[PDB]
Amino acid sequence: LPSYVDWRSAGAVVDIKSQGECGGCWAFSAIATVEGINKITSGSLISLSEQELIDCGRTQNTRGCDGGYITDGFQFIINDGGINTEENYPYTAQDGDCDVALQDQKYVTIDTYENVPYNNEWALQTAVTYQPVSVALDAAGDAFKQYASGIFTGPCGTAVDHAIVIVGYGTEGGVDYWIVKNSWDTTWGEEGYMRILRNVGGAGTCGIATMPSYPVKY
C-alpha cells in the first residue's frame, strides 16, 4: 500500500459541512462516503442530502437528530433505490417530515455496503486506499472538542459516539496519522479536518478503528 493517501487530491471530497446542534453525524458520515464512491465510479462529485436521511431514514435505533448508525444511512439509500442532492433537499438541523416527492427523486445509487474487520488498522488502511471510509470515535472529551491543530493523540476513550469520515492517511516526522473529515464546520480543527494518531493497536485512537464501514457501488 502507498505511504500517503488523500482523497481531497482526487476530487472525491465535498467541502466541509456543519451539523449544528442536531446529533445527525451518522448521516454526515454515511453521505460523505457515498459522495466519495459516486465520484470514484461515475467521475462526478455531487453533494448529497443528509436531511433526507434524517427525515426519511428513521429505523430501529436511528432516529434523526437523536442519534443513529452509519450503516442505517447506507441501508436507507439501498432500500430507497437512491438519494437526492444537498441542493434539492437541504439541511435544516431539525427532525422534519420526510418529503416524499424529494425522497422519490433519486440522482445517486449504491448497491451494498461492507464492514471493515473491527479493531484492525491494517484492514482499515487497505480499505482507505480505495475509497473514503465511515468510522465512529469517542468525541466526548474536551481535548477532542478543543482540537485546533497537529496530530491528535488523545486523551479520549473508545466508547464511540460521533461518526466521521476518514479521507486519507500519511506520516509526518515519523508519526503515522489518519486524515479525518468532521462535520463541525471549518472553524474546528485544521479547516474542519483532524489528523489523528494511527497504528496504535486495538480499537485505535479514540476508537477510530472499532466500527468502520463503506458503501459499494459496482
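Each residue number is its position in the shown sequence, starting from 1.
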{"item": "Mean temperature factor over C-alpha atoms, higher-scoring stretch between 174-182 and 27-35", "value": "174-182"}
{"item": "Given 57-65 and 163-171, the range whose Cα B-factors average higher in the PDB entry", "value": "57-65"}
{"item": "Selection from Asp142, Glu86, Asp72, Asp80 [criterion: highest C-alpha temperature factor in the record]", "value": "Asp142"}
{"item": "From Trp122, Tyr113, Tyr107, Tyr130, residue of greatest CA B-factor", "value": "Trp122"}
{"item": "Record-listed C-alpha B factor of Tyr91: chain third", "value": "lowest"}
{"item": "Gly207, C-alpha B-factor rank within chain (lowest, middle or highest third)", "value": "lowest"}
{"item": "Third of chain Cα B-factors occupied by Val135", "value": "lowest"}
{"item": "Chain-wide C-alpha B factor ranking for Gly11, given as lowest, middle or highest third", "value": "lowest"}
{"item": "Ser149 by Cα B-factor - lowest, middle or highest third of the modelled chain", "value": "highest"}
